[PDB]
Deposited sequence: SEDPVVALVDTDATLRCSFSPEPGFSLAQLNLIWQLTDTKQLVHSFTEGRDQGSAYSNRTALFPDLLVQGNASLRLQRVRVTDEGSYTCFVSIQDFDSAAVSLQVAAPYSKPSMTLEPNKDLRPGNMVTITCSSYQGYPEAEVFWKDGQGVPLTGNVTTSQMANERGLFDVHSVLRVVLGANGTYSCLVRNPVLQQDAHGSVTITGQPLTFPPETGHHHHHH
């Protein structure tokens, strides 16, 4: 740049320039015109808006032209007082984002078993403590095979969000049956079991 010569009482243009990326949008652009030496503010374009002229009320941008990278300032009704160096600061912000999901877990304790002590309906109870998230519960006999029966299973969360699972199987008996509870944590893939065996 050479200096800009302006007749007193006329309007003048102070050049400034940038090269915008194809992405570009004015919400990115942050633009300050300042008196070089003092660093007093003259005109600003920030946060997708054209703020005013700061003190003068005699300055303007070419708001239709910014997006194309013209940050030149227009100074009106020039006067001796305006003489000096002006500095144009142009900051473009490129914002990127990434997301990350946190999955929380806790293990369930070894279950504790309970019943009402051979063609009779009896109830077995599986209780396992303080795991997260909700567990998958499986009842099965001693050779891995699902037990038939009515099972009620509830899972109750404490103050800290952790679950205690309480699962109740009502069965009719067979003289030699083992009965098992597997409490699974899907997320950790940890398995907890207990089992009663009934002969007599």
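K.L.:
Compare what was deposited with what's modelled and send me the C-alpha-less stretches, numbered from 1.
P.N.:
Since the structure holds only modelled residues, the stretches it omits are 1, 119 to 123, 207 to 222.
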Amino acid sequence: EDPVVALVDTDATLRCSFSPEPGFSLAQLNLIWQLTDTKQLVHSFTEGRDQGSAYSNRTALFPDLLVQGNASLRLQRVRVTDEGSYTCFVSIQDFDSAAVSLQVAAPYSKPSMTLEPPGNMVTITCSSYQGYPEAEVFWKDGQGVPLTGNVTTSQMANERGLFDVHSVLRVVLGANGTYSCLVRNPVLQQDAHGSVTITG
From here on, numbers count along this sequence of modelled residues.
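K.L.:
So 12 to 20 or 175 to 183, which one's hotter by mean CA B-factor in the entry?
P.N.:
The stretch with the larger mean CA B-factor is 175 to 183.
K.L.:
Quick one: higher average CA temperature factor, 33 to 41 or 156 to 164?
P.N.:
Comparing 156 to 164 with 33 to 41, the higher mean C-alpha B-factor belongs to 33 to 41.
K.L.:
For the listed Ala105, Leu75, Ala71, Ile92, which has the peak Cα B-factor recorded in the PDB entry?
P.N.:
The record points to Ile92.
K.L.:
By the CA temperature factor listed in this entry, which of these ranks top: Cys126, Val100, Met121, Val80?
P.N.:
Top of the list by C-alpha B-factor: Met121.
K.L.:
Pull the Cα B-factor of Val4 out of the PDB entry and bin it into the chain's lowest, middle or highest third.
P.N.:
Middle third - that is where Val4 ends up once the chain's C-alpha B-factors are sorted.
K.L.:
Once the chain's modelled residues are ordered by C-alpha B factor and cut into thirds, is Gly149 in the lowest, middle or highest one?
P.N.:
Answer is highest: the recorded C-alpha B-factor places it there.
K.L.:
With respect to C-alpha B-factor, does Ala27 fall in the lowest, middle or highest third of the chain as deposited?
P.N.:
For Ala27, the deposited C-alpha B-factor lands in the highest third.
K.L.:
What third of its chain, lowest, middle or highest, does the C-alpha temperature factor of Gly131 fall into?
P.N.:
CA B-factor rank for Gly131: lowest third.
K.L.:
Comparing against every modelled residue in the chain, figure out the third that the C-alpha B-factor of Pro117 lands in (lowest, middle or highest).
P.N.:
Highest third of the chain for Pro117's C-alpha B-factor.
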